Amino acid sequence: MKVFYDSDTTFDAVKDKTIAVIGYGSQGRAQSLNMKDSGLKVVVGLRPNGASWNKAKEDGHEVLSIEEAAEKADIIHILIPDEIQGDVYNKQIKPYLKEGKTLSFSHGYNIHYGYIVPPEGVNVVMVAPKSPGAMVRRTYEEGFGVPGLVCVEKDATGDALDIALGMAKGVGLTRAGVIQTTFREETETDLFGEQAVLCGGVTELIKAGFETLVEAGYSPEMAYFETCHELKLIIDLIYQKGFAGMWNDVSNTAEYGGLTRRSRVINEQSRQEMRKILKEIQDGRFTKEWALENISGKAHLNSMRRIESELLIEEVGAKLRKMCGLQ
Amino acid sequence: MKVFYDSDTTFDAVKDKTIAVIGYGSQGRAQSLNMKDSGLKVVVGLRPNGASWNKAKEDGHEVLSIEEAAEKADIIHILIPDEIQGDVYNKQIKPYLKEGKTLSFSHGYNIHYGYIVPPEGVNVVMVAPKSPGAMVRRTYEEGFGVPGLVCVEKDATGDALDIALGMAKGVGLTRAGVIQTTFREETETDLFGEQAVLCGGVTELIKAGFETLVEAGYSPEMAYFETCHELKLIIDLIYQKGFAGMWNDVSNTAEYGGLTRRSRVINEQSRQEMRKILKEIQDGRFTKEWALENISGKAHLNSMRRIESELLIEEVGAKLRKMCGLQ
Amino acid sequence: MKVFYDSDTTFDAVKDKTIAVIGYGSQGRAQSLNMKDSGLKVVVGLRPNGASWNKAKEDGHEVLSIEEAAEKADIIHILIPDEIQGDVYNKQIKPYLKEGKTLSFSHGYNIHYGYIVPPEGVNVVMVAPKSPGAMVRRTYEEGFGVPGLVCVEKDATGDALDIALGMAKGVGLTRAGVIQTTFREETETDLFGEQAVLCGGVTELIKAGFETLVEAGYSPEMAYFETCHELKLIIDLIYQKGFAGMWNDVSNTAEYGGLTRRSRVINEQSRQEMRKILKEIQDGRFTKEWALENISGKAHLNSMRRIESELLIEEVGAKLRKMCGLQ
Amino acid sequence: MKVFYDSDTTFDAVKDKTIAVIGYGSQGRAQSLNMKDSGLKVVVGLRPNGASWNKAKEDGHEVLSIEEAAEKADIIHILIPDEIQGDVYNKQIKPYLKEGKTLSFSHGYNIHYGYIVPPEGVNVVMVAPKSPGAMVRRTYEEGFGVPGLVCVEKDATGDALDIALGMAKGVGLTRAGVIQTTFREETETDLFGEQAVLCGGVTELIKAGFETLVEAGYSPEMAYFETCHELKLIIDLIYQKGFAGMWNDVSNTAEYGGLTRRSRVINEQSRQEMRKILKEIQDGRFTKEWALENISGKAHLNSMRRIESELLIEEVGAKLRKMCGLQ
Amino acid sequence: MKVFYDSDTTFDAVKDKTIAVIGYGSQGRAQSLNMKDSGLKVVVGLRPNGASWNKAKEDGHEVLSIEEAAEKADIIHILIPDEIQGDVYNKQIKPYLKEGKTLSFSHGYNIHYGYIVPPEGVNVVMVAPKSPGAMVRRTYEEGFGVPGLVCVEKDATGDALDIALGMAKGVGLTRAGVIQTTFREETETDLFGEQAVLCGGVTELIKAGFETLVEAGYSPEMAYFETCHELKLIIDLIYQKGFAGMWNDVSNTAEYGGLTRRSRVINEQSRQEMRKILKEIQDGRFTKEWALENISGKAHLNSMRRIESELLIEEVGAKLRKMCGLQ
Ligand SMILES: [Cl-]
Ligand SMILES: [Cl-]
Ligand SMILES: [Cl-]
Ligand SMILES: [Cl-]
Ligand SMILES: [Cl-]
Ligand SMILES: [Cl-]
Ligand SMILES: [Cl-]
Ligand SMILES: [Cl-]
Ligand SMILES: [Cl-]
Ligand SMILES: [Cl-]
Ligand SMILES: [Cl-]
Ligand SMILES: [Cl-]
Ligand SMILES: [Cl-]
Ligand SMILES: [Cl-]
Ligand SMILES: [Cl-]
């Protein structure tokens, strides 16, 4: 689509403005340091009774309380988990807002589903890198950056897009290219990807192939190699050269085998269920389910975690990664 | 069934009693004004920090706080949304109750599902008009009223039915006729009607017919007319003259067409699902689901709302209603 | 689509022309009186041995025989039931036609399905109000009118559209807005609407909900209220404010209930059968079936009528409408 | 498996230690009195504003507040309903814990699903009798006891198992035999048993047989006898002599009938659903559902209760039990 | 239904009459001793070449041969297994019958299915206790009795009902209450109960739950506890307090779990098969099958017995009952 680069953006809208980064996780740290290193005026609002409070001080940030940071700053960038953003916002951020300020996120989940409703006269933007905090910071240290996303949900003051592009210019996303999408599009495609393919899809795929080999009498070690370990090789090829580049870089036996058997693994039933997974995200049923999970104490989620940790594929991968020196 | 009219009821049980109407929505306003205009002693309990507080004052009501009204009155009529009645009751009403008082509703949802448990020695009645507040008030201004429902859930003091009929006599329902049913029967049939036919049923019916025409290449404007706009004509005929009166008032081509094709639209599957919808209401699963919807932040409900507002039938109806001068 | 209003139309093509309205039903009477009252020269052709003959005289119309009217007039407007139009046309209208005359209808059923084939040099137009005769006349008495449809099936003389818009200008449809569609589009969408939703669809929906409650032990009176009587309230809201306006004007419990249960009542099977109902209308199978119904003596239709009149919902609605004073 | 008896256990680990029994239900009372009567130092922590507070005093226990008891004791035995343990623990128990103390339960539901997370340095054990409080106390009064379960979830201090066996020795379970299992195994099999067979399974079985007879025209009284009342006879035989002992103690006609028809009642579908019921317990979905039931006000649960009380089998059993003198 | 008690019955019809009890099983012994102890004149007819012959003598009964007893007595009470009653009757009882005598049973299986056809002028009655012989005798020793059933199949002489009530008065059933049903109703409901629920139903239920746990890796000992051993607790509660009393006496987690999962174990397929099991009893197909089982040497029945004794649930229950001291 339309891309913004360095030549296409300036720091005019962020120049004389104080930016509060709420949160010091991987994205909290990487984005805060980059913008500070880009010349932007940054304060980091955290909980006094927290671990990241002391780490953010070790890095030389003006560390404040979340209320203290919300009050001082014109731009509040919220990088905390979606499942507690709403509660932290309505208690410790919303009261310290005023006409002219800007609300910024790296994820549109809370805005899109109504868990955070901004006050009148407040901009709502998104500055979303498409790489983990570690890479965000690392590429920025090297004079390059990582591809990112930018969005405008509410343009109260008029320079919402420029504020978001200014923040993206300071984080370094602009060096690699920034794409303008919508809060709804970022949210829905992000939830669908993680659920249907990125996290859910592939782990069930790897489980099924591994369990097929193991139940057929094949060595668990060999099964882990051909259904899990080796997969990184193929993805890296697709990541760099695309599908056609991958097929050319693998053996013709592997190419023919993949092209003739793959429609049998992802059947029509899988595709019909992918449509329901998307509709459950669209109409808010998944958000409801995820919210009630936290409200009910995450018992379902913690049981699944224990079951996942008891998998044979886990125990075999640990031994193999131990031998390799990967783990 | 058995009907109560004006000749069948008196104000003996409500005469020297103070009635608190909690809430000033369509029913809050219409019912409060009618009873006051009928000679009954009315106070209106509201939130001081609310909009209806000032409107209720503009109409000349003794406006009080919900606690203030609960304390003063012998009869507390609660006309606020079911999904917050329980919380408002257990905090600001229950403490100001005493033996001899009466708890009154226009909807039995909260009593029936245990979200409001009355104290010992307190009457639980229902005064439920079967028309919207606007009509309730309007018909009463004209010397007539609107058909209503009356119920007794707990007869602590002995004049529970008379208190409810006295309130119905002051609201004006008695002029058109009042029917005595049960809190469970009002609740279950109300939930089933709105879900299976009144709101859910017909909108899905209108959507399907409209989407059938549009997907077949028919003009969206013409599709809106023959699947939505015209429907009011038929309902008004059924409302006034019943089914047989409607069929006689439409063309024989429309009559034959309707009588021979309609069993094909509401199939056996629709009727089997109507039975499950009823059982989900009966056994409290819907109430649980609706309660968790509010507890989880109404994300599912707000997503559905946005999707409903993005429908083609909405955009076409707006243009047609704009031309007509209806909207 | 494109709308014609008063400022967009004139009486130039109907000015010095005699218009015969064949039929004095609800539309016959309303349309004839309006055009006469608008200044147009109207004669009403009827059967001498008929009831409407004397009523049309009481209203001051030049009442003629159908042949007499067909001969005198340049424009013949046929407002009699579709199932006898063809026979009345080929015997008492077609012979008195000449090049330059215009054939006009409010319904394109007979033209579209070949039951009326016009002679060469004769215009075929449609002047179709989208409201019942009573409203057509009433709104016209009040300086406003009712939304209508206009169509040109054959433009022999050149002013077919102007003749139809002139008639629509005299009936008063032009004050509310007139839409130009086709004889096929009016016919097919009209038949589909009445069959799938307007008459067939909703009555089967109301039957199923009512029969569900009654078979579950609920009071027939209460079942009629929540599956029939109350429905008028919702439709009137959709009629005036559309879907979104209705949902906002009902309780959140009714809104959530409707949005989550309605897809279960109109299932995929209902939508597949709606497509067949449309194809049966498109390819003329329904017209064949309706024609053979009349030819065979309407035994099937009269049996269905008797069965409809024996329904429990009829007997309960009559008692409730009797109490209300509606019937 | 491996059983612990009296000869296998001592009071060494509980000797100079104060044991707080939180709760005075059937198990609270029976277990507290037994351990006190066995020589152990017991205090009973309860709510001051509660009924059991006064009953526990009538029995001569040192009655304390839950916080008071948590502070004084080294061993805190929590015998309150699982659905409020977590809230009572995190507020009134967790703060008064210290390294060296022990957390004890008769049910592992809250520990296993993460609703109670113990502090570092605190033992987590289970002392679970396999009989109701009434029998626990009664058998102990008679020099015998009731079979029990023992578990160690966290062995911080080293004598966790001995502390649990010491408590089991004081409750009297050791006289009948104590089995060491795991918190997960006790929880999952307990939930599965109550749901699939012990409470859910058999009541649906009794309902189906009773409803089969009644719908076939058989006397409800006779149906209750042959589908409910008589069942106690068979269970008591299985309880004492096992399956083979039961079959030998019934008529050959009843034996042949049971052995040839029973596979037809519990079909493959029942067994497939038993596997899903177990997986829903394993992965925490049932715990989530039960938690949300309480959070949402137990509307679903209270509706089911009312429906259960309206069953014909209830009304007929009451009359028969009334005649018998059982009720 | 209608109950007979002590105040409602006398010994007038049995006073000067000799009662032969054929058989000295649990019911043979208990019923014979009770009637003798009640003042009735009893002789016990048995096989000379049998074990019970000597036991019946040890108890002080006038012990006779079956023919000797049939000849002496006016009332012949047959308490031997249904599958040999017919052969013993037609050879050693029928010839010693005369007009005026009475044929009595505790089970109507043989009369109802035509295996015993009485001679003209002979009464056919039923005296059926609803408890095992051990309890019949024990309760009678304690001044109370056990609930019973009474039936009249043929009233030849006129005092058939009185003879049966007199026998029930001597057995002691009248102290607890006696119900009058029919030979067909006792038989069919007895066969259905034992097959669908009492013996067949519950053992297959217990097998499925136990096998579910065991196949999932749960300890067989723990599986026996939660699918078999504990069940006695629930039944005893239903036996004494009914369903509602049981649910109130179990944990809310067990109650919610049971009410929401139980419809999944007894599915529609189970209920359809219960109807076939009943029809097979009604139309005599089961009786035919049971008769051919004995005629063919009980090979099928003895194989099933061996298979039942080889079950894992048997071996685990034996070890657990051994530890408990139950077995
Ligand atoms: Cl760094
Ligand atoms: Cl190649
Ligand atoms: Cl699909
Ligand atoms: Cl007013
Ligand atoms: Cl007709
Ligand atoms: Cl069904
Ligand atoms: Cl007029
Ligand atoms: Cl809202
Ligand atoms: Cl199709
Ligand atoms: Cl005691
Ligand atoms: Cl045998
Ligand atoms: Cl399976
Ligand atoms: Cl004895
Ligand atoms: Cl409760
Ligand atoms: Cl069937």
# chains A, B, ... in the order shown; residues from 1 in each chain; ligands from 1
>>> select_by_dssp(residues="range 53-173 of chain B", states="alpha helix (DSSP H)", output="ChimeraX atom specification")
/B:53-58,66-72,82-92,109-112,133-141,160-171,173
>>> interface_residues(of="chain B", to="chain E", cutoff="12 Å", atoms="only C-alpha atoms", output="list in words")
residues 283, 284 and 285 of chain B
>>> write_last_selection(atoms="N, CA, C and O atoms", output="mmCIF file, in the first residue's frame")
data_model
loop_
_atom_site.group_PDB
_atom_site.id
_atom_site.type_symbol
_atom_site.label_atom_id
_atom_site.label_comp_id
_atom_site.auth_asym_id
_atom_site.auth_seq_id
_atom_site.Cartn_x
_atom_site.Cartn_y
_atom_site.Cartn_z
ATOM 1 N N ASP B 283 -33.977 -22.355 31.924
ATOM 2 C CA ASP B 283 -32.978 -22.855 32.866
ATOM 3 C C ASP B 283 -31.920 -21.820 33.225
ATOM 4 O O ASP B 283 -30.928 -22.167 33.879
ATOM 5 N N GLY B 284 -32.093 -20.567 32.812
ATOM 6 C CA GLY B 284 -31.223 -19.501 33.271
ATOM 7 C C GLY B 284 -29.915 -19.353 32.531
ATOM 8 O O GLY B 284 -29.081 -18.539 32.947
ATOM 9 N N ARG B 285 -29.705 -20.098 31.445
ATOM 10 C CA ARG B 285 -28.449 -19.980 30.716
ATOM 11 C C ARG B 285 -28.351 -18.642 29.996
ATOM 12 O O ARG B 285 -27.260 -18.070 29.880
#
>>> atom_distance(atom1="CA of residue 250 in chain B", atom2="CA of residue 198 in chain C")
10.8 Å
>>> residues_around(residues="range 43-59 of chain E", least_positions_apart="5", cutoff="8 Å", atoms="only C-alpha atoms", output="PyMOL selection string")
chain E and resi 18-25+29+32+64-70+73
>>> write_last_selection(atoms="N, CA, C and O atoms", output="tab-separated table (two decimals), in the first residue's frame")
chain	number	residue	atom	x	y	z
E	18	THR	N	-55.33	-72.62	56.34
E	18	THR	CA	-53.95	-73.09	56.35
E	18	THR	C	-53.21	-72.49	55.16
E	18	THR	O	-53.66	-72.61	54.02
E	19	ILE	N	-52.06	-71.87	55.44
E	19	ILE	CA	-51.26	-71.20	54.42
E	19	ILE	C	-49.99	-72.02	54.21
E	19	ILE	O	-49.22	-72.24	55.15
E	20	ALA	N	-49.78	-72.47	52.98
E	20	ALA	CA	-48.55	-73.16	52.60
E	20	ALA	C	-47.61	-72.17	51.93
E	20	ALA	O	-47.97	-71.56	50.92
E	21	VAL	N	-46.43	-71.99	52.51
E	21	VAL	CA	-45.36	-71.21	51.89
E	21	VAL	C	-44.46	-72.21	51.18
E	21	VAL	O	-43.79	-73.02	51.82
E	22	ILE	N	-44.44	-72.15	49.85
E	22	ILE	CA	-43.60	-73.03	49.05
E	22	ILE	C	-42.28	-72.31	48.81
E	22	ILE	O	-42.21	-71.33	48.06
E	23	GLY	N	-41.21	-72.80	49.45
E	23	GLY	CA	-39.90	-72.22	49.29
E	23	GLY	C	-39.36	-71.65	50.58
E	23	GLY	O	-40.11	-71.04	51.35
E	24	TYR	N	-38.07	-71.83	50.83
E	24	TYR	CA	-37.42	-71.28	52.02
E	24	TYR	C	-36.14	-70.55	51.63
E	24	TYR	O	-35.06	-70.82	52.15
E	25	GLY	N	-36.26	-69.62	50.70
E	25	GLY	CA	-35.22	-68.65	50.45
E	25	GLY	C	-35.35	-67.49	51.42
E	25	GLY	O	-35.99	-67.59	52.47
E	29	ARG	N	-38.36	-67.81	54.02
E	29	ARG	CA	-38.10	-67.86	55.48
E	29	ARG	C	-38.75	-66.64	56.16
E	29	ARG	O	-39.57	-66.86	57.08
E	32	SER	N	-42.67	-66.68	55.99
E	32	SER	CA	-43.26	-67.79	56.71
E	32	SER	C	-43.25	-67.54	58.22
E	32	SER	O	-44.27	-67.70	58.90
E	64	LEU	N	-43.32	-79.90	55.12
E	64	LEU	CA	-44.03	-80.90	54.34
E	64	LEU	C	-43.42	-81.00	52.95
E	64	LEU	O	-42.57	-80.19	52.56
E	65	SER	N	-43.85	-82.01	52.20
E	65	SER	CA	-43.55	-82.07	50.78
E	65	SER	C	-44.44	-81.08	50.03
E	65	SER	O	-45.51	-80.69	50.50
E	66	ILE	N	-43.97	-80.65	48.86
E	66	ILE	CA	-44.71	-79.64	48.10
E	66	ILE	C	-46.11	-80.15	47.78
E	66	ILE	O	-47.09	-79.40	47.88
E	67	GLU	N	-46.22	-81.42	47.39
E	67	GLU	CA	-47.54	-82.01	47.19
E	67	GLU	C	-48.30	-82.11	48.51
E	67	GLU	O	-49.49	-81.79	48.57
E	68	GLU	N	-47.62	-82.55	49.57
E	68	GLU	CA	-48.25	-82.63	50.88
E	68	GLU	C	-48.77	-81.27	51.32
E	68	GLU	O	-49.88	-81.15	51.83
E	69	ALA	N	-47.96	-80.22	51.12
E	69	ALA	CA	-48.37	-78.88	51.52
E	69	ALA	C	-49.50	-78.36	50.64
E	69	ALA	O	-50.46	-77.77	51.14
E	70	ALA	N	-49.40	-78.57	49.32
E	70	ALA	CA	-50.46	-78.13	48.42
E	70	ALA	C	-51.79	-78.76	48.80
E	70	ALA	O	-52.84	-78.10	48.73
E	73	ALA	N	-53.21	-77.27	52.42
E	73	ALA	CA	-53.47	-75.85	52.58
E	73	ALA	C	-54.59	-75.36	51.68
E	73	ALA	O	-54.85	-75.91	50.61
>>> atom_distance(atom1="CA of residue 104 in chain D", atom2="CA of residue 293 in chain A")
27.2 Å
>>> residues_near_ligand(ligand="ligand 7", cutoff="8 Å", atoms="only C-alpha atoms and all ligand atoms", output="short mmCIF file (atom, residue, chain, number, x, y, z; two decimals) with N, CA and C atoms, in the first residue's frame")
data_model
loop_
_atom_site.label_atom_id
_atom_site.label_comp_id
_atom_site.auth_asym_id
_atom_site.auth_seq_id
_atom_site.Cartn_x
_atom_site.Cartn_y
_atom_site.Cartn_z
N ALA C 30 -59.17 5.64 -4.58
CA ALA C 30 -58.18 6.63 -4.18
C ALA C 30 -57.49 7.30 -5.36
N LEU C 33 -60.06 9.54 -7.65
CA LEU C 33 -60.45 10.81 -6.97
C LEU C 33 -59.28 11.80 -6.97
N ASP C 59 -69.63 9.18 -5.68
CA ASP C 59 -68.50 10.09 -5.56
C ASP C 59 -68.42 11.10 -6.69
N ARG C 137 -55.33 8.24 -0.79
CA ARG C 137 -56.32 9.32 -0.79
C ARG C 137 -56.09 10.27 0.38
N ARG C 138 -55.86 9.73 1.57
CA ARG C 138 -55.78 10.56 2.77
C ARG C 138 -54.62 11.55 2.67
#
>>> residues_around(residues="range 231-238 of chain E", least_positions_apart="2", cutoff="9 Å", atoms="only C-alpha atoms", output="count of residues only")
31
>>> residues_near_ligand(ligand="ligand 6", cutoff="10 Å", atoms="only C-alpha atoms and all ligand atoms", output="list in words")
residues 268, 269, 271, 272, 273, 274, 275 and 276 of chain B
>>> write_last_selection(atoms="N, CA and C atoms", output="short mmCIF file (atom, residue, chain, number, x, y, z; two decimals), in the first residue's frame")
data_model
loop_
_atom_site.label_atom_id
_atom_site.label_comp_id
_atom_site.auth_asym_id
_atom_site.auth_seq_id
_atom_site.Cartn_x
_atom_site.Cartn_y
_atom_site.Cartn_z
N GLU B 268 -38.64 -26.85 10.00
CA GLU B 268 -38.60 -27.60 11.25
C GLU B 268 -37.37 -27.24 12.07
N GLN B 269 -36.25 -26.99 11.41
CA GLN B 269 -35.03 -26.59 12.12
C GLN B 269 -35.25 -25.30 12.90
N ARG B 271 -38.05 -24.34 14.21
CA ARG B 271 -38.92 -24.65 15.33
C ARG B 271 -38.18 -25.43 16.41
N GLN B 272 -37.26 -26.30 16.02
CA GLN B 272 -36.44 -27.00 17.00
C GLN B 272 -35.52 -26.03 17.74
N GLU B 273 -35.00 -25.03 17.03
CA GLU B 273 -34.13 -24.05 17.67
C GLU B 273 -34.92 -23.09 18.55
N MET B 274 -36.18 -22.82 18.20
CA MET B 274 -37.04 -22.03 19.07
C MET B 274 -37.25 -22.73 20.41
N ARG B 275 -37.31 -24.06 20.40
CA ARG B 275 -37.46 -24.81 21.65
C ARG B 275 -36.20 -24.71 22.50
N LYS B 276 -35.02 -24.73 21.87
CA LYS B 276 -33.78 -24.57 22.63
C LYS B 276 -33.65 -23.16 23.18
#
>>> closest_residue(among="E:259, E:325, E:278, E:297", to="ligand 15", atoms="only C-alpha atoms and all ligand atoms")
E:278
>>> residues_around(residues="residue 213 in chain E", least_positions_apart="2", cutoff="10 Å", atoms="only C-alpha atoms", output="ChimeraX atom specification")
/D:188-189,192-193,274-275,278 /E:208-211,215-220,222-224,226-227
>>> write_last_selection(atoms="N, CA, C and O atoms", output="CSV table (one decimal), in the first residue's frame")
chain,number,residue,atom,x,y,z
D,188,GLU,N,-9.4,-34.2,39.9
D,188,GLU,CA,-10.0,-34.6,38.6
D,188,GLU,C,-10.9,-35.8,38.8
D,188,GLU,O,-12.0,-35.8,38.3
D,189,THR,N,-10.5,-36.9,39.5
D,189,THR,CA,-11.4,-38.0,39.7
D,189,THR,C,-12.7,-37.7,40.5
D,189,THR,O,-13.7,-38.2,40.3
D,192,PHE,N,-15.0,-35.7,38.1
D,192,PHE,CA,-15.5,-36.6,37.1
D,192,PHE,C,-16.6,-37.6,37.7
D,192,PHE,O,-17.6,-37.7,37.1
D,193,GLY,N,-16.3,-38.1,38.9
D,193,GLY,CA,-17.2,-39.0,39.5
D,193,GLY,C,-18.6,-38.4,39.8
D,193,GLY,O,-19.6,-38.9,39.3
D,274,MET,N,-18.5,-39.0,28.1
D,274,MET,CA,-17.7,-39.1,29.4
D,274,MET,C,-16.3,-38.7,29.2
D,274,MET,O,-15.7,-38.1,30.1
D,275,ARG,N,-15.7,-39.0,28.0
D,275,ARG,CA,-14.3,-38.5,27.7
D,275,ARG,C,-14.2,-37.0,27.6
D,275,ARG,O,-13.2,-36.4,28.0
D,278,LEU,N,-14.4,-35.5,31.0
D,278,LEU,CA,-13.1,-35.6,31.7
D,278,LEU,C,-12.2,-34.5,31.2
D,278,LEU,O,-11.5,-33.9,31.9
E,208,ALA,N,-18.6,-47.7,32.8
E,208,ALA,CA,-18.2,-46.7,31.9
E,208,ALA,C,-17.3,-45.6,32.6
E,208,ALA,O,-16.3,-45.2,32.1
E,209,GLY,N,-17.8,-45.1,33.7
E,209,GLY,CA,-17.1,-44.1,34.4
E,209,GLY,C,-15.7,-44.6,34.9
E,209,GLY,O,-14.7,-43.9,34.8
E,210,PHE,N,-15.7,-45.8,35.4
E,210,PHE,CA,-14.5,-46.4,35.9
E,210,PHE,C,-13.5,-46.6,34.7
E,210,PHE,O,-12.3,-46.3,34.8
E,211,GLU,N,-14.0,-47.2,33.6
E,211,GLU,CA,-13.2,-47.5,32.5
E,211,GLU,C,-12.7,-46.2,31.9
E,211,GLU,O,-11.6,-46.1,31.3
E,215,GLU,N,-8.6,-45.7,31.7
E,215,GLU,CA,-8.0,-45.6,30.4
E,215,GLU,C,-7.3,-44.2,30.2
E,215,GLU,O,-6.5,-44.1,29.3
E,216,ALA,N,-7.7,-43.3,31.0
E,216,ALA,CA,-7.0,-42.0,31.0
E,216,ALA,C,-5.8,-41.9,31.9
E,216,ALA,O,-5.2,-40.8,32.1
E,217,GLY,N,-5.4,-43.0,32.5
E,217,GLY,CA,-4.2,-43.0,33.4
E,217,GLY,C,-4.4,-42.8,34.8
E,217,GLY,O,-3.5,-42.8,35.6
E,218,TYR,N,-5.7,-42.7,35.3
E,218,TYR,CA,-6.0,-42.5,36.7
E,218,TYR,C,-5.8,-43.8,37.5
E,218,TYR,O,-6.1,-44.9,36.9
E,219,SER,N,-5.5,-43.7,38.7
E,219,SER,CA,-5.3,-44.9,39.6
E,219,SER,C,-6.6,-45.7,39.7
E,219,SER,O,-7.6,-45.1,40.0
E,220,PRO,N,-6.6,-47.0,39.4
E,220,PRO,CA,-7.8,-47.9,39.5
E,220,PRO,C,-8.5,-47.7,40.9
E,220,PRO,O,-9.7,-47.6,40.9
E,222,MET,N,-8.4,-45.1,43.0
E,222,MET,CA,-9.1,-43.8,43.0
E,222,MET,C,-10.4,-43.8,42.1
E,222,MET,O,-11.4,-43.2,42.5
E,223,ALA,N,-10.3,-44.5,40.9
E,223,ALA,CA,-11.4,-44.6,40.0
E,223,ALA,C,-12.5,-45.4,40.7
E,223,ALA,O,-13.7,-44.9,40.5
E,224,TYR,N,-12.2,-46.5,41.4
E,224,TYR,CA,-13.3,-47.2,42.0
E,224,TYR,C,-14.0,-46.3,43.0
E,224,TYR,O,-15.2,-46.4,43.1
E,226,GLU,N,-14.5,-43.0,43.1
E,226,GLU,CA,-15.3,-41.9,42.6
E,226,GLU,C,-16.3,-42.4,41.6
E,226,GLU,O,-17.2,-41.6,41.2
E,227,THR,N,-16.3,-43.6,41.2
E,227,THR,CA,-17.3,-44.2,40.3
E,227,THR,C,-18.1,-45.3,40.8
E,227,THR,O,-19.1,-45.7,40.2
>>> residues_around(residues="range 5-13 of chain C", least_positions_apart="5", cutoff="6 Å", atoms="only C-alpha atoms", output="NGL selection string")
:C and (162-163 or 166 or 174-175 or 177)
>>> select_by_dssp(residues="range 21-121 of chain E", states="strand (DSSP E)", output="list in words")
residues 21, 22, 41, 42, 43, 44, 45, 46, 62, 63, 64, 65, 75, 76, 77, 78, 102, 103, 104 and 105 of chain E
>>> closest_residue(among="A:291, A:221, A:15, A:121", to="residue 315 in chain A", atoms="only C-alpha atoms")
A:221
>>> atom_distance(atom1="CA of residue 170 in chain D", atom2="CA of residue 35 in chain D")
4.4 Å
>>> residues_near_ligand(ligand="ligand 11", cutoff="10 Å", atoms="only C-alpha atoms and all ligand atoms", output="list in words")
residues 248, 251 and 252 of chain D; 294, 298, 301 and 302 of chain E
>>> residues_around(residues="residue 155 in chain B", least_positions_apart="4", cutoff="10 Å", atoms="only C-alpha atoms", output="PyMOL selection string")
chain B and resi 102+121-125+159-161
>>> closest_residue(among="D:180, D:212, D:257, D:36", to="ligand 15", atoms="only C-alpha atoms and all ligand atoms")
D:212
